[PDB]
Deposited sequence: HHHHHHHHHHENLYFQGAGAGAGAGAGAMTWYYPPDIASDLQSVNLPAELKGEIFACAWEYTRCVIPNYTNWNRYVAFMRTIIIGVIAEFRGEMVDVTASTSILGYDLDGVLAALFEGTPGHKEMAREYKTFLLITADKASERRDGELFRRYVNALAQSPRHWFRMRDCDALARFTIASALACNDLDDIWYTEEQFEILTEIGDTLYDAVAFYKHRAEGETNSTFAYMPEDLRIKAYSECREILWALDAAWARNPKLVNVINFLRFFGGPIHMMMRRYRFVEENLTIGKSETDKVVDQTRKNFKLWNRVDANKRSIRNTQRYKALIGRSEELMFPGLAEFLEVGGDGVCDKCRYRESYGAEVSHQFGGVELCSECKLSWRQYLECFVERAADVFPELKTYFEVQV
């Protein structure tokens, strides 16, 4: 396996002590993922900037101690605010997407370090189980799903396209449900905190893929004749499982071409929430951080999922929320009712 990627990023990470071999695999992952889920572009500078947000994120996912968004320094030799400005300067969601990405670095770096055992990560894992709507919003930011919808419009110079909050919530729910359904087994093997069907009932995993895919086709059909909006649908379609066959990050080939097998720091970051946290996350962490249910089983710190275990009365509410996805979709996207 040779690692192929544009030379623009081939001398990235000069300040960073990792094997050249590993820099290679990281650069390739950012290229592969960018080309899979933003398969069209008009703006090379934004494309590469997006690639650089994936380079930092890949590193954060497996060596949290190397990435500290709180230090407000160079991150891995990159000036993060300026990379974020190259990407989104003059798009509707610049400031909010800079928050989305910093939240992703903060949480992913904590999860992939000692700091996993700290207050921020405990509050976050607990806050995931607050509610099914809360789950999908945090999972959105963990997967950079609305960040990548914003990035796909930006990289095609669509600086005038945007969505309501509820519209982002439906689009990312479709994307994340589709991915999380295909990535189930892989996520379990890893002991993930962040996988839809650690929380959502396993017996709905096939039905929920099917429903999401179908709605996606329905919105796609409704958006016909506007080729700009194809960049949003393509993100979700290509992210929602297909990347498992396409990216060397995954083991389709290896598996013989088959699919299916310190409370101060918290309070300081909460005070920096306008900088570091997506709109609403600080509230999510204050309300859900300690658990919201007496029967749900929390751990004192964080071939099985590593998160909160929902009690069976909570799981019904999760089941029921999944089961009214079509109505919740048609609701924010009236064009589906037609």
| item | value |
| --- | --- |
| Deposited-sequence ranges lacking C-alpha coordinates, in sequence order | 1 to 28, 290 to 317, 359 to 363, 400 to 405 |
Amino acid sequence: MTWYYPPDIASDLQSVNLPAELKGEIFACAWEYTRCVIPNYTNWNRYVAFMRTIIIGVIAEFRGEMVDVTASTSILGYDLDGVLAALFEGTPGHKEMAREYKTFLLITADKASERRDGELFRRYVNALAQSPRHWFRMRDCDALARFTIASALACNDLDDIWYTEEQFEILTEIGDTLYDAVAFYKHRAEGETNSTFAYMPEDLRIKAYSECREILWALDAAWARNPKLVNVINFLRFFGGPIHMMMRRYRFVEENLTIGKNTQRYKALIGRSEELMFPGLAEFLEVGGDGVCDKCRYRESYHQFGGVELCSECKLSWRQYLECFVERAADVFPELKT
From here on, numbers count along this sequence of modelled residues.
| item | value |
| --- | --- |
| 194 to 202 versus 263 to 271 - which carries the larger mean C-alpha B factor in the record | 263 to 271 |
| Average Cα temperature factor in the PDB entry - higher stretch of 43 to 51, 65 to 73 | 65 to 73 |
| Residue with maximal Cα B-factor (values as given in the PDB entry) among 114, 165, 176, 157 | 114 |
| Given 146, 139, 188, 99, the residue at which the Cα B factor reaches its maximum | 188 |
| Lowest, middle or highest third - CA B-factor, residue 211 | middle |
| Third of the chain's Cα B-factor distribution that residue 81 belongs to, per the entry | middle |
| Residue 309 - Cα temperature factor, lowest/middle/highest third of chain | highest |
| Within-chain third of residue 280 by Cα B-factor, per the entry | lowest |
| CA B-factor ranking of residue 286, expressed as a third of its chain | middle |
